[PDB]
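Below is one structure, written out as structure tokens; comments come after it.
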Amino acid sequence: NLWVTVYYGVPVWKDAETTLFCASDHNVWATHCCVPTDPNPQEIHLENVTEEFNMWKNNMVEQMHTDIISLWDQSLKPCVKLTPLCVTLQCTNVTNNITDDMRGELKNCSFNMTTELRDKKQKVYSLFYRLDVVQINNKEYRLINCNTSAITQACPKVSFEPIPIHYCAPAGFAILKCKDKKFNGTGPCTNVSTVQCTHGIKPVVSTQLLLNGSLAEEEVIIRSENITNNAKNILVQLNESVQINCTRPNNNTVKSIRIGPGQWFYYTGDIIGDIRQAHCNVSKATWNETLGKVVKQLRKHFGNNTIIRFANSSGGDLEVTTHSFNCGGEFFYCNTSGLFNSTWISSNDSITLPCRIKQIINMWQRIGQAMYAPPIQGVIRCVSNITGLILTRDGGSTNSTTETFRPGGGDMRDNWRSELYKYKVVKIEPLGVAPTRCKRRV
Amino acid sequence: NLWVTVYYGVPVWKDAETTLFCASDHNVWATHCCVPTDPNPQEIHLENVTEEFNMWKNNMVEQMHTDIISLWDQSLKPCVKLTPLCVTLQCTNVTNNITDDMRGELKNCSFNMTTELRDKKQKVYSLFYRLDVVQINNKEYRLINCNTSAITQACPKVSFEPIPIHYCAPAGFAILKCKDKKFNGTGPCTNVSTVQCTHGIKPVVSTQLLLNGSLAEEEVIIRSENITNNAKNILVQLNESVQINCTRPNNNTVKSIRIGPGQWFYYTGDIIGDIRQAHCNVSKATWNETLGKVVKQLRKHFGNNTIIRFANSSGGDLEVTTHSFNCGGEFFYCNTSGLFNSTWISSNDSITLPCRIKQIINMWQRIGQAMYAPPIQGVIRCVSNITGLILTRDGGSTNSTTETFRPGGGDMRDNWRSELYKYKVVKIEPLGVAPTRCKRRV
Amino acid sequence: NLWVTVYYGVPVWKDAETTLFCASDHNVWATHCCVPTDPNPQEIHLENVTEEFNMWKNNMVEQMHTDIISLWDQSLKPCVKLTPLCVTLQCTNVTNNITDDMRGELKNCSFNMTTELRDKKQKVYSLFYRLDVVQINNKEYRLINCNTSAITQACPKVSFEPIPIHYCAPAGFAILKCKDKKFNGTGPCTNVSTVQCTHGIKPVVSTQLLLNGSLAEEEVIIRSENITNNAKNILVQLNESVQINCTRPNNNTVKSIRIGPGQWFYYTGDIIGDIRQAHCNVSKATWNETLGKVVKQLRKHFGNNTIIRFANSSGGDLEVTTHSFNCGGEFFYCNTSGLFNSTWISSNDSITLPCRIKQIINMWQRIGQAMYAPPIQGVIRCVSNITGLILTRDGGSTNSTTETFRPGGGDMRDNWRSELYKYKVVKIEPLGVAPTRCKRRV
Amino acid sequence: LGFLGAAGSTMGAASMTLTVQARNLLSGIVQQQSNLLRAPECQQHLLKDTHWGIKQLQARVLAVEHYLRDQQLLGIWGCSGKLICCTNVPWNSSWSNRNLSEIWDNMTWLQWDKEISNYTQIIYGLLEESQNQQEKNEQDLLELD
Amino acid sequence: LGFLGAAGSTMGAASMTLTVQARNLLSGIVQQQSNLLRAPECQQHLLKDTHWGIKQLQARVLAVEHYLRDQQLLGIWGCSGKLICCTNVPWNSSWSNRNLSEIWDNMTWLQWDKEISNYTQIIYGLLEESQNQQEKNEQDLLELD
Amino acid sequence: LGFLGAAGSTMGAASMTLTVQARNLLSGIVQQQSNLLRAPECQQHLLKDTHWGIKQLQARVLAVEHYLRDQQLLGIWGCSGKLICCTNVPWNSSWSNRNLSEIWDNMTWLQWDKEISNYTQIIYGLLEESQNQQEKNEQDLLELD
Ligand SMILES: *[C@@H]1O[C@H](CO)[C@@H](O[C@@H]2O[C@H](CO)[C@@H](O[C@@H]3O[C@H](CO[C@H]4O[C@H](CO)[C@@H](O)[C@H](O)[C@@H]4O)[C@@H](O)[C@H](O[C@H]4O[C@H](CO)[C@@H](O)[C@H](O)[C@@H]4O)[C@@H]3O)[C@H](O)[C@H]2NC(C)=O)[C@H](O)[C@H]1NC(C)=O
Ligand SMILES: *[C@@H]1O[C@H](CO)[C@@H](O[C@@H]2O[C@H](CO)[C@@H](O[C@@H]3O[C@H](CO[C@H]4O[C@H](CO)[C@@H](O)[C@H](O)[C@@H]4O)[C@@H](O)[C@H](O[C@H]4O[C@H](CO)[C@@H](O)[C@H](O)[C@@H]4O)[C@@H]3O)[C@H](O)[C@H]2NC(C)=O)[C@H](O)[C@H]1NC(C)=O
Ligand SMILES: *[C@@H]1O[C@H](CO)[C@@H](O[C@@H]2O[C@H](CO)[C@@H](O[C@@H]3O[C@H](CO[C@H]4O[C@H](CO)[C@@H](O)[C@H](O)[C@@H]4O)[C@@H](O)[C@H](O[C@H]4O[C@H](CO)[C@@H](O)[C@H](O)[C@@H]4O)[C@@H]3O)[C@H](O)[C@H]2NC(C)=O)[C@H](O)[C@H]1NC(C)=O
Ligand SMILES: *[C@@H]1O[C@H](CO)[C@@H](O[C@@H]2O[C@H](CO)[C@@H](O)[C@H](O)[C@H]2NC(C)=O)[C@H](O)[C@H]1NC(C)=O
Ligand SMILES: *[C@@H]1O[C@H](CO)[C@@H](O[C@@H]2O[C@H](CO)[C@@H](O)[C@H](O)[C@H]2NC(C)=O)[C@H](O)[C@H]1NC(C)=O
Ligand SMILES: *[C@@H]1O[C@H](CO)[C@@H](O[C@@H]2O[C@H](CO)[C@@H](O)[C@H](O)[C@H]2NC(C)=O)[C@H](O)[C@H]1NC(C)=O
Ligand SMILES: *[C@@H]1O[C@H](CO)[C@@H](O)[C@H](O)[C@H]1NC(C)=O
């Protein structure tokens, strides 16, 4: 004869979603994630605990893509609107020392903008990139956002540079971290520790290559929701890294005008030196070895008597067909066809990728808003790491074995999903019962 | 010798006011009342419980007329302002196929409105209803709201159509529901149940007749704060219902213009077919029977050797003298003199009530705001139920017995007071003491 | 052998900072401090309690200078912006009956402002004080705020008049009040009571003299963070008081124009009678006695064989060099050189201090905002009490004994620091242990 | 009988539903929140409409404060672990001179609460003092062992 | 072992860490708030960014409500003052027919909770009724003294 | 003496006001809210001025969390139902070597708290462990009956 015994403080878990808070070691991330991190991070290894993780259902990703949006919108809120500069522009071509490729890329536009007083306008001359200016019908033009959204200038002293971000469980919750080096994002993990805060994640935003992430511990890992479904993306994590050097070679003399009462507008103004194309440099040998490693790991899922072909994007908007990247605050749209033009079968020699620059960005894909990225004075250079790829299997039931992959991607959640895959949020519910031989006195 | 004993979990009540939350089964009500209702509504009948209810002091009414206001203001917040269209209008009369009554009702106004660019204006022609346009001194006119408030266009895809709304007590509170079919709104009720959520209420807004409410279970009920005081309204609930058919017979070709950067303005544009008067149709026989039932119930409070006369409103603003009604999103102001012109003493033959249409509405009687109701394409027809009346006793110490009542009303709270009369909010305070024969060991 | 005993309800304190709430007996303070005060204020005298107070670290001051800012910003939020009136002004001098001193002080400016309709402008003539208008280069002028901030008109019916404010501890906290009449703001106090709410404080804002504060109980008290450091201010509290009579002798005919859709602008319009200088009147004998008392108390810290000299401000912006004062809603900038021109060594005859008036105020020293103080119809007179001074020791290691003090001040926190010096916020932590002779049964 | 189903029952009968009402405040708070957390666009409404969101936080904080208020009173009186507690304070005929057989048989809790409403504060003060004295007596008895 | 360090340990072994998990919810809430209150521009962010600020209040109110929910259940069952409590309700073989020696030696709490997950609601209802009956019996015994 | 009127009294004398301070946090929270709820335009200010409104929610949530923190510590130590509790942990002369007659006669609680301030964390840890061991011992004694 057994009796019910009640226990409180019982180590029992349920899956949960909660409002995790941010912590971090004139930057926006630093301002928002004001809460300090542990001075001495700790984890508790849990012996004999097996739990299932599911990267594709990780609600930490969904929270990260909710707070990052909020942070950008709050950061751009107390800034100058450029709606007074949605005026008819009078534009001619920039013909001053133009190299090829760049011919017709920049236009010299002039317009009448408002000033401190409502009774006066100022004639302004400024260079614009072609992507930001469209013809109305030398000729009359308008900014690309004039018929769809208000344009807001990002504040020139605000830094959006990613810094490490740590997500922390609120009391009553815990985060389980998977230490299994072979973990493919889905299923049971047998080497689990409990932490209060995650590994720092850098909130990098990009579209085809994943930049400045974590590296795989032992081998390149192909992670996907499914293998068969060609509507799903493949997140490829590299073990080694590929360095990419991104430069905008043009020099700039950035000038400012008061648009209104204490409201300053920044504009490109002129360009010093030759007008040249922005480029991104990837070492060819490093890239070919990296891609070969990816190919071998893909063979494990598709067959090892196959042909693996890479191709560029099938088409669509610039934001998807090219590799979007934020360099020093400038917005780059890099052409990756030079990286994915190849077929694999069973001095330095770098690869140069041309890149476009765009100042008006429909950031986070909201049709009703756009931001103006002010120009940066001088020459811009960034050096960053390719830590992963987003591939799309092209599909087709041809049974030819010629699987084809493209640098599709274009999603914004995938960039963090590939980093937060090791974590799960669990709610602790420390109350339960079990039989014993003890009856309470009555 | 008796001793004090403390009990917790005691079923004891105190009257209270709390922030009840909404629940409901691109509509605004659906968006706001996101919380689901009970899939299986339950009530607990309370045997041997007598409580006093007071409809006139029901704080549930006051909360409903606080949240409805908030909901409209939030719904209209992320919408296009029409302040750029507070310009001098050049207006002539609409003379195209005009029936009588409508002569001079519509005006053809033209104006120069802003466009996507700040350097260009667009000439626009649009028809307006006379009530929205006033002469400045063919002739120059301005919109009625230009000298008192900013005008905001309601978003064209947002539905304000009433849906059932359920008010629910927060934990710690309960709602007591009166089941007494004879209950007149004030005093003790002996057939009381406890519920978590109220009967759904439709948040219908009207001024003289109460539309789409609940019906009285057995007889017409005359409910008032007082009988003698002619400064108080009488809420009359009908047991049967009177169907009213409201139509705006004119066809419309609604057009749109960008007013600004992704900001669209909708305007009436032209009219197809004849220009005709909007009307509301009430069956005469049904109305005469309904009114006769009301008269008999009024006799119970005033005497049954009396003369009961009905008359129309004494005067004042359109919003009070006429019966305001929202039909498909259009705003109707119906002339009810045809319903209340009668004296009672001890084929179909319908009653046709003419009705005006107004696009600029000083909704909820706030002098500082106005909304523009965009026009609706096509012909509009609504069929709705008259479930009650708001009558004002005219008063006068004549002792002639000729009591006179008018369709005054005009208040906005009365519409819900007549529906929420069965409910009271009670706070539960489950702690108390009583004597027993038990002393604690010490 | 002693055993641990746990006690709860223990009267033990820790220093703390918390979000104290306001309570008070169309005013903004009355609206904000909606919470009523004790109808019967009580204090608990604490026998045998010695605590250290530190006026200079009093976090109650910091909270007061956080909520006062918020209150002004919220109060000015739902008001008319005057950005439509940042236009080129055409200005000439006011030459109508001008006394000396005032020649060139007022200018007659005209401009084209917006009206109810966007298609019409109105020519307006209004007088402005010189301090609000600057030349652009008779002549063209702009308002002083046009090149730095948006200007907002304060709402004409909103009263900012200080009323007594009581700060109250939230539950779990208590306020300790120092009753020591000799207390100099820092160190141990042996006559301490506990209160829930503070003595009412009037949120008066001024820069050189402290107006309408508390008086010292027995003698003039010199309170400072340090004596030696000449970078610190000296807050001087008087025991008696000096009456100061502030008048703006000009009569005014204030007029209004609609600037926009229900948006009214108020302007000075013309002036009735002679154009005269505003003045502040301090009795000379009273002032000389008051200053002599201050001098004797300063001798206690600097030596009593010394020479104590007073001098006016060394220079800088009007807001610091003069004594700022809010009179009936008008903003005064009084020249105090007539009060501080003296050296002390070991009919009525008043002192007349000239005063300037300024309508555009960079209130609370935020560069990005400014408020427009609407003019007040008629003649303005205020009678107020000088309850203290803010002095700056000029310093210099001369060893001449000629200590020199100036009416520097200019800080905004000092005005409340001098009133809240008697209070400290303490957190109650009623849990602790001590040894006893009792062991629990096990 | 269900929640408050005992409201019209006699005081005696009502003792058997004390667990029904006593548990209702927190299970009520939690179940309502569990439905809100289903987030059929509620999490978004709750956090975006900050006015509405604080009305909800205000309601929940207040419900919690009332729960704790009553639990603390029971704690102070030495009654926190039970729904029914006897004390060491005698009943005053000045509060009520009604027969015990009437109180527990011919009257409901609502009626009773009205009958002795004006004595609530004094009874509670007496309970607090009696309990403190009793705890001191126990501590001294242990010291003397 | 530390917080949840016992998660993979047997049910028996885990009884010695009940104080570690039980105290963690409130010490957790308080320590996180103590760091937030250091205000390295957090008090300013917390109150200025009202959207973020209500997300934090929402998290804290919810954590408190869960603490109280469990404490109230223990109160109703007569178990509030202890981490380990015996009751007067027999164990049903229909909930689990596993041997006692397996339950406390060859199995962890996570595994057990899954094994009897569908009986949680019934067990709790039985505990509530049994405790109310016991309290009434004690009151009557005092009346009879 | 009233709230904290015992602050300068000796530790011994102060034991008679433990109910005064102990009850003050929640009765304080509730009375302040009852006055705020009179709504002399406060409900409107509280909810309209969202910045101010969250400052008030922040203060109340924090006050509740501190109440619960202390109650949970008393729970863990087996002290939750009383204001005065003895335990099974001996006093260390290394924490304080002062005479018992001085502690309860010639010194106040404020002075004492300063004297042993650095031992608070260790004493609390000892209390938690001792109580868990005692509860296990009782459970085993029942098994053996
Ligand atoms: C992957 O990670 C790399 C490494 O972080 C990123 O590349 C870095 O990007 C940042 C941001 O642009 C660079 O930081 C900037 O460097 C500029 C150059 O200054 C040089 O000299 C100083 C001398 O001390 C060095 O400290 C500095 O590293 C450079 O060598 C500065 O002019 C910039 O300052 C300006 O911007 C900051 C922005 O916060 C402002 O705070 C300043 O006030 C000022 O306006 C800035 O410090 C960094 O140098 C880059 N590193 C490399 C490798 O050169 C990649 O961008 C990242 N990948 C992606 C996707 O972005
Ligand atoms: C008292 O109660 C009655 C009954 O609800 C109200 O009358 C109804 O009003 C609504 C709102 O205008 C009507 O719903 C609308 O009907 C239009 C006509 O479509 C007809 O055909 C479809 C075919 O399936 C039927 O479902 C429909 O009932 C009609 O017979 C639609 O064109 C409307 O759609 C448009 O508006 C909605 C608004 O939410 C949008 O969501 C749509 O995208 C679209 O823009 C709409 O469905 C309803 O038909 C009326 N009923 C009657 C009797 O005809 C009274 O208005 C109410 N009293 C008061 C005071 O308002
Ligand atoms: C130190 O303290 C003194 C004393 O409070 C302050 O001086 C007072 O300032 C206030 C605010 O300007 C004065 O109150 C105003 O008085 C005006 C004159 O009316 C006279 O006649 C009435 C008749 O009943 C008297 O009640 C009144 O006291 C006057 O004698 C009124 O016209 C004003 O009303 C207008 O302003 C208020 C502002 O809230 C509005 O509510 C009204 O609707 C209206 O627009 C107002 O009542 C007060 O009279 C002054 N007292 C003295 C001594 O004369 C000092 O200002 C203060 N020091 C500082 C630094 O400000
Ligand atoms: C409401 O009051 C009635 C009496 O008016 C209660 O009826 C008693 O019910 C019990 C149990 O069935 C019977 O033994 C009694 O004989 C009934 N009384 C009479 C006078 O016949 C009824 O129980 C009360 N309801 C509640 C919920 O307490
Ligand atoms: C995880 O499981 C292992 C067994 O697989 C446990 O190991 C036991 O540890 C105790 C104490 O050192 C030894 O006496 C036993 O002999 C070990 N078991 C075996 C089969 O060798 C280990 O303790 C478990 N971890 C936790 C945290 O409970
Ligand atoms: C503050 O300290 C004084 C002693 O300095 C305390 O006075 C004692 O009061 C009791 C009761 O009236 C007398 O029996 C003692 O004889 C007094 N002591 C002396 C030395 O005369 C006083 O009680 C203390 N106050 C508080 C609140 O504890
Ligand atoms: C007013 O007169 C002074 C000379 O006294 C001159 O300097 C100033 O420019 C004049 N102002 C205007 C508006 O004419």
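Here's how to read the names in the structure tokens: chain A, B, ... by the order shown, residue numbers from 1 in each chain, ligand numbers from 1 in the order shown.
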DSSP on the backbone: which residues in region 380-433 of chain B end up as strand (DSSP E)? Give the answer as a PyMOL selection string.
chain B and resi 380-393+402-406+423-428+431-433
Using only C-alpha atoms, which chain B residues lie at most 8 Å away from chain E, written as a list in words?
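So the contacting residues turn out to be residues 436, 437, 438, 439 and 440 of chain B.
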Residues of chain A were defined as contacting chain B if any atom lay at most 8 Å from it, counting only C-alpha atoms; please report them as a list in words.
residues 84, 86, 87, 88, 142, 145, 146, 147, 148, 149, 150 and 368 of chain A
For a quick test of understanding: name the residues of chain D lying within 10 Å of chain E when counting only C-alpha atoms, and present them as a VMD selection string.
chain D and resid 15 to 20 22 to 23 25 to 30 33 43 46 to 50 53 to 54 56 to 57 60 to 61 63 to 64 67 to 68 71 80 to 86
Could you write out that same residue set with N, CA, C and O atoms as a short mmCIF file (atom, residue, chain, number, x, y, z; two decimals), in the first residue's frame?
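again19.cif was written with the following content:
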data_model
loop_
_atom_site.label_atom_id
_atom_site.label_comp_id
_atom_site.auth_asym_id
_atom_site.auth_seq_id
_atom_site.Cartn_x
_atom_site.Cartn_y
_atom_site.Cartn_z
N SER D 15 -19.26 25.93 4.50
CA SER D 15 -17.92 25.59 4.88
C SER D 15 -17.35 24.52 3.95
O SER D 15 -16.13 24.42 3.76
N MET D 16 -18.19 23.79 3.25
CA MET D 16 -17.66 22.74 2.42
C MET D 16 -17.23 23.20 1.05
O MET D 16 -16.74 22.39 0.26
N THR D 17 -17.37 24.49 0.75
CA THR D 17 -16.94 25.00 -0.54
C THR D 17 -15.80 25.98 -0.34
O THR D 17 -15.38 26.65 -1.28
N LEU D 18 -15.20 26.01 0.85
CA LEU D 18 -14.15 26.99 1.07
C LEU D 18 -12.99 26.80 0.10
O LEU D 18 -12.37 27.77 -0.32
N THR D 19 -12.71 25.57 -0.31
CA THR D 19 -11.61 25.34 -1.24
C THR D 19 -11.94 25.84 -2.63
O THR D 19 -11.03 26.12 -3.41
N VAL D 20 -13.23 25.95 -2.95
CA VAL D 20 -13.67 26.36 -4.27
C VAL D 20 -13.45 27.83 -4.45
O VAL D 20 -13.01 28.27 -5.52
N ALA D 22 -11.53 29.74 -2.33
CA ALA D 22 -10.18 30.11 -1.96
C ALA D 22 -9.19 29.95 -3.08
O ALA D 22 -8.37 30.83 -3.30
N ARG D 23 -9.33 28.89 -3.88
CA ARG D 23 -8.39 28.64 -4.96
C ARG D 23 -8.68 29.46 -6.20
O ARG D 23 -7.89 29.46 -7.15
N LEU D 25 -8.90 32.70 -6.93
CA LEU D 25 -8.22 33.88 -7.39
C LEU D 25 -6.98 33.55 -8.20
O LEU D 25 -6.85 34.03 -9.32
N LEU D 26 -6.09 32.70 -7.72
CA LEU D 26 -4.93 32.46 -8.54
C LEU D 26 -5.20 31.53 -9.71
O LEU D 26 -4.57 31.70 -10.75
N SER D 27 -6.10 30.53 -9.59
CA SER D 27 -6.29 29.68 -10.76
C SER D 27 -6.96 30.51 -11.83
O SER D 27 -6.72 30.30 -13.02
N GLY D 28 -7.76 31.50 -11.41
CA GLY D 28 -8.43 32.43 -12.28
C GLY D 28 -7.42 33.28 -13.01
O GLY D 28 -7.48 33.42 -14.23
N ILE D 29 -6.45 33.83 -12.26
CA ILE D 29 -5.46 34.70 -12.86
C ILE D 29 -4.67 33.94 -13.89
O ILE D 29 -4.43 34.44 -14.99
N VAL D 30 -4.24 32.74 -13.52
CA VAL D 30 -3.44 31.95 -14.41
C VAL D 30 -4.21 31.47 -15.63
O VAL D 30 -3.67 31.52 -16.73
N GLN D 33 -4.60 34.28 -18.14
CA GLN D 33 -3.37 34.58 -18.81
C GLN D 33 -2.99 33.49 -19.80
O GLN D 33 -2.51 33.79 -20.89
N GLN D 43 -0.63 38.93 -28.19
CA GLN D 43 0.62 39.36 -27.62
C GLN D 43 1.01 40.65 -28.30
O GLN D 43 1.60 41.55 -27.71
N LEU D 46 -1.40 43.44 -26.94
CA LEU D 46 -1.02 43.68 -25.56
C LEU D 46 0.21 44.54 -25.46
O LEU D 46 0.27 45.45 -24.63
N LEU D 47 1.20 44.29 -26.30
CA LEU D 47 2.41 45.07 -26.24
C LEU D 47 2.41 46.32 -27.13
O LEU D 47 3.11 47.30 -26.82
N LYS D 48 1.68 46.31 -28.25
CA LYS D 48 1.64 47.47 -29.13
C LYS D 48 0.74 48.56 -28.57
O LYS D 48 1.10 49.74 -28.53
N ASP D 49 -0.44 48.18 -28.12
CA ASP D 49 -1.35 49.16 -27.58
C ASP D 49 -0.97 49.30 -26.14
O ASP D 49 -1.46 48.57 -25.28
N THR D 50 -0.05 50.23 -25.88
CA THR D 50 0.51 50.37 -24.56
C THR D 50 -0.50 50.84 -23.56
O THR D 50 -0.42 50.50 -22.39
N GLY D 53 -2.33 47.68 -22.73
CA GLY D 53 -1.42 46.81 -22.04
C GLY D 53 -1.22 47.20 -20.59
O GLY D 53 -1.21 46.32 -19.72
N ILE D 54 -1.12 48.50 -20.29
CA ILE D 54 -0.98 48.83 -18.88
C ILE D 54 -2.29 48.65 -18.15
O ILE D 54 -2.27 48.29 -16.98
N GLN D 56 -4.16 46.15 -18.47
CA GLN D 56 -4.11 44.75 -18.07
C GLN D 56 -3.09 44.48 -16.98
O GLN D 56 -3.36 43.71 -16.06
N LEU D 57 -1.94 45.14 -17.03
CA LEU D 57 -0.97 44.94 -15.97
C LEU D 57 -1.51 45.48 -14.67
O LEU D 57 -1.27 44.91 -13.62
N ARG D 60 -3.84 42.93 -13.12
CA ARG D 60 -3.18 41.76 -12.57
C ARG D 60 -2.37 42.06 -11.35
O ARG D 60 -2.38 41.27 -10.41
N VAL D 61 -1.71 43.21 -11.31
CA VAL D 61 -0.95 43.53 -10.13
C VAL D 61 -1.90 43.71 -8.99
O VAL D 61 -1.61 43.23 -7.89
N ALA D 63 -4.86 42.30 -8.54
CA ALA D 63 -5.38 41.02 -8.09
C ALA D 63 -4.37 40.29 -7.21
O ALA D 63 -4.74 39.71 -6.19
N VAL D 64 -3.10 40.37 -7.57
CA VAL D 64 -2.06 39.76 -6.77
C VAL D 64 -1.93 40.42 -5.42
O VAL D 64 -1.76 39.73 -4.42
N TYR D 67 -4.56 39.16 -3.13
CA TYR D 67 -4.30 37.82 -2.65
C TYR D 67 -3.33 37.88 -1.51
O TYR D 67 -3.55 37.26 -0.46
N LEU D 68 -2.23 38.60 -1.70
CA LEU D 68 -1.22 38.65 -0.69
C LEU D 68 -1.68 39.33 0.56
O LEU D 68 -1.28 38.93 1.64
N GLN D 71 -3.40 36.77 2.56
CA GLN D 71 -2.52 35.74 3.07
C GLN D 71 -1.66 36.28 4.18
O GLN D 71 -1.38 35.56 5.14
N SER D 80 -2.23 30.93 8.49
CA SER D 80 -1.90 30.80 7.06
C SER D 80 -1.97 29.43 6.42
O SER D 80 -2.15 29.33 5.21
N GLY D 81 -1.85 28.37 7.18
CA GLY D 81 -1.86 27.07 6.53
C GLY D 81 -3.24 26.44 6.43
O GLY D 81 -3.33 25.29 6.01
N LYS D 82 -4.29 27.13 6.86
CA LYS D 82 -5.60 26.50 6.86
C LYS D 82 -6.73 27.36 6.34
O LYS D 82 -6.66 28.58 6.34
N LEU D 83 -7.82 26.72 5.93
CA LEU D 83 -8.99 27.46 5.52
C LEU D 83 -9.88 27.73 6.72
O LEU D 83 -10.64 28.69 6.74
N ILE D 84 -9.78 26.87 7.73
CA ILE D 84 -10.55 27.06 8.96
C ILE D 84 -9.59 27.18 10.13
O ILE D 84 -8.83 26.26 10.40
N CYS D 85 -9.64 28.29 10.86
CA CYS D 85 -8.76 28.43 12.01
C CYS D 85 -9.39 28.94 13.26
O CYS D 85 -10.08 29.95 13.28
N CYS D 86 -9.06 28.31 14.35
CA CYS D 86 -9.55 28.76 15.63
C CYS D 86 -8.51 29.68 16.20
O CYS D 86 -7.34 29.54 15.87
#
Surroundings of ligand 3 up to 7 Å, based on only C-alpha atoms and all ligand atoms, as a ChimeraX atom specification
/C:26-27,157,159,161,204-206,211-212,325-329,381-385
Store the residues picked out above, limited to C-alpha atoms, as a PDB file, in the first residue's frame.
ATOM      1  CA  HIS C  26      -6.228  73.976 -15.116  1.00  0.00           C
ATOM      2  CA  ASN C  27      -2.905  73.717 -13.136  1.00  0.00           C
ATOM      3  CA  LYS C 157      -5.075  78.356 -20.120  1.00  0.00           C
ATOM      4  CA  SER C 159      -1.268  77.140 -15.199  1.00  0.00           C
ATOM      5  CA  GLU C 161       2.061  78.236 -11.040  1.00  0.00           C
ATOM      6  CA  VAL C 204       9.874  77.215  -7.996  1.00  0.00           C
ATOM      7  CA  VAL C 205      12.443  77.703 -10.700  1.00  0.00           C
ATOM      8  CA  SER C 206      14.952  80.540 -10.473  1.00  0.00           C
ATOM      9  CA  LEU C 211      12.355  82.369  -4.064  1.00  0.00           C
ATOM     10  CA  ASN C 212       9.360  81.135  -1.981  1.00  0.00           C
ATOM     11  CA  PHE C 325      11.997  84.333 -12.634  1.00  0.00           C
ATOM     12  CA  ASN C 326       8.483  83.230 -13.740  1.00  0.00           C
ATOM     13  CA  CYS C 327       5.902  86.017 -12.937  1.00  0.00           C
ATOM     14  CA  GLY C 328       2.298  85.214 -13.806  1.00  0.00           C
ATOM     15  CA  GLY C 329       3.546  83.118 -16.700  1.00  0.00           C
ATOM     16  CA  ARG C 381       2.714  92.422 -10.786  1.00  0.00           C
ATOM     17  CA  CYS C 382       4.159  89.657  -8.505  1.00  0.00           C
ATOM     18  CA  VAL C 383       5.189  89.856  -4.906  1.00  0.00           C
ATOM     19  CA  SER C 384       7.508  87.117  -3.778  1.00  0.00           C
ATOM     20  CA  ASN C 385       9.936  86.182  -0.949  1.00  0.00           C
TER      21      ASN C 385
END
Neighbours of ligand 7 at 8 Å or closer, counting only C-alpha atoms and all ligand atoms: which residues, as a PyMOL selection string?
chain C and resi 91-93+103-104+107-108+138-139
Selected residue of minimal separation from ligand 4 among B:394, B:38, B:52, B:47, counting only C-alpha atoms and all ligand atoms:
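Of the candidates, the smallest distance to ligand 4 is held by B:47.
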Could you report the residues within 12 Å of ligand 4, using only C-alpha atoms and all ligand atoms, as a PyMOL selection string?
(chain B and resi 11+44-50+190+193) or (chain D and resi 1-17+105-109)
